[PDB]
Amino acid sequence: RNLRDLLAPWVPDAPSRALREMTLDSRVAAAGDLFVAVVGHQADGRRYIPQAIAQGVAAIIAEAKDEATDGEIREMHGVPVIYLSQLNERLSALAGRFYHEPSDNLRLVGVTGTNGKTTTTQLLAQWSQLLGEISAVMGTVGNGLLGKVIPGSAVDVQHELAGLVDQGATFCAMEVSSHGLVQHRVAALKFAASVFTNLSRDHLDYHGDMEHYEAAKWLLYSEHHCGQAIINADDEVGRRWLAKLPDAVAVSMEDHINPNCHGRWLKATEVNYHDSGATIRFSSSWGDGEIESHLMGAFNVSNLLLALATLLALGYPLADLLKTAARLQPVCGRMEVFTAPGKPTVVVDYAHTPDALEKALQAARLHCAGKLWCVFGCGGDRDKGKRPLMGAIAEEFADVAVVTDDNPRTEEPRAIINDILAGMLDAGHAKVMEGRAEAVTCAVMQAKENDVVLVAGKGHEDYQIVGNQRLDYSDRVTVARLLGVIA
């Protein structure tokens, strides 16, 4: 890594200097580093140039605004200070070059939208790895090779992607946030494909507002290297964009493919939501098929179809994708199904808010031939407002509500339960059982073979906080043991 080579596309005359790491933070800026001095929200990195120099940085690239002309090379205490205009906009490119263009050395797929990013990225990484990639994810759960995802500027993004390339990754599925996009955090990444799940963007009822939002997003899209575009046609905004993008792939499970456009498409023609997943029949411009998914609910059918369409668009053979679909797993503790011969289906989900609980129950209901049970509680020593709302939801969307404890902390457990029951029309119809393990057991043991039990609020978490004690407890393990299976 050399300053002169780093800057060659933009500044021809730049001095030769060996460089170690690239950093925006003067505090960690060490001997031989490149310090990048940016102007951001209420902070100006240029003010920390002396500190960085004093700490022995090899070189500095700095925002030119109000200080210098674009490409101006200065020297301070023998340290080159090179000024660039619109440095925030160019930081991704600068870091990309610094880290040897990681997105040109693996197949990077970006997933954007309000919901389903995490699941879709996981599915992309898993499925590609099933077909022989070494896959990785970058998202809200963390970054890493599949199964080793460890829990954020344009520099950090490039650095992390380079780390993955160094570890052998040949495929990366990345969550891209609206905020990340707008702040130029992925500006220079070469996406092989870009996936759009959905837009629950409230506050856009005014046509001028929807117009400006769309305009701003279109402008950003046009500036990025998005590669193959894969768009959920079951989303309203999705459809409007598809009408403008004849090379985009349209994905639907609700009959929104327009076959007159002769574009690429994939659509679920029928779905059987059953006691251990979903049987998905689909047609596509690549051929037709049937997938056995072990994911639960309609949203996860959508997520799966988006991943499928993406991998098809990138040239992964349909026959191979079909052969590996049954190996795709849920995100741990997210609508995670547990089944055993002749027992109720049990779903463990992290849902711990009214909206999440409603969604989880509606999803579970699809797979439920019999009665739907909901085992849940609310956290103690936290905002109490959600409690009656979760009670009303459980009463409405489940057939049996089993109210129990969920991290009661130092609050009287029964008081929490009372707040929950208060939200019900008929609290007397709810079951209450304290000891969470006992409540889960009660549902699982009483539920009929064709019933579904949703165990909500913990997901992957393996603790129950009672008092100041973090007790070893897992819904997944409890359910697994009851069903005679392995979590």
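Take the two forms, superpose them, and find the largest set of C-alpha atoms that agree within 1.5 Å; that set is the rigid core. So that there is no doubt, residue numbering starts at 1 and follows the sequence shown.
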410-418 or 181-189, the stretch lying farther from the shown form in 8 other deposited structures of this protein by root mean square CA distance over structures and residues, after core fitting, is 410-418
Fit on the core, then compare CA atoms: does 55-63 or 438-446 lie farther from this form in 8 other deposited structures of this protein?
438-446
Taking the other compared PDB entries with both flanking residues modelled, is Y206 unmodelled in at least a third?
yes
Can you tell me how many deposited residues have no coordinates between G342 and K343? The categories are none, 1 to 3, 4 to 9, and 10 or more.
none
Should the higher mean CA B-factor in the entry be assigned to 25-33 or to 434-442?
25-33
Looking only at CA atoms, which has the higher mean B factor in the entry: 88-96 or 205-213?
205-213
Criterion, highest CA B-factor; candidates, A248, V141, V337, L366:
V141
From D381, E133, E175, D320, pick the one with the largest CA B-factor in the entry?
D381
Which third of the chain does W241 land in by C-alpha B-factor: lowest, middle or highest?
middle
Sort the modelled residues of this chain by their C-alpha B factor and say whether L6 lands in the lowest, middle or highest third.
lowest
Looking at the temperature factor on the CA atom of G423, which third of the chain's modelled residues does it land in?
highest
Comparing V403 with the other modelled residues of its chain, is its CA B-factor in the lowest, middle or highest third?
lowest
So, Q464's CA B-factor, relative to its chain, sits in which third? The highest
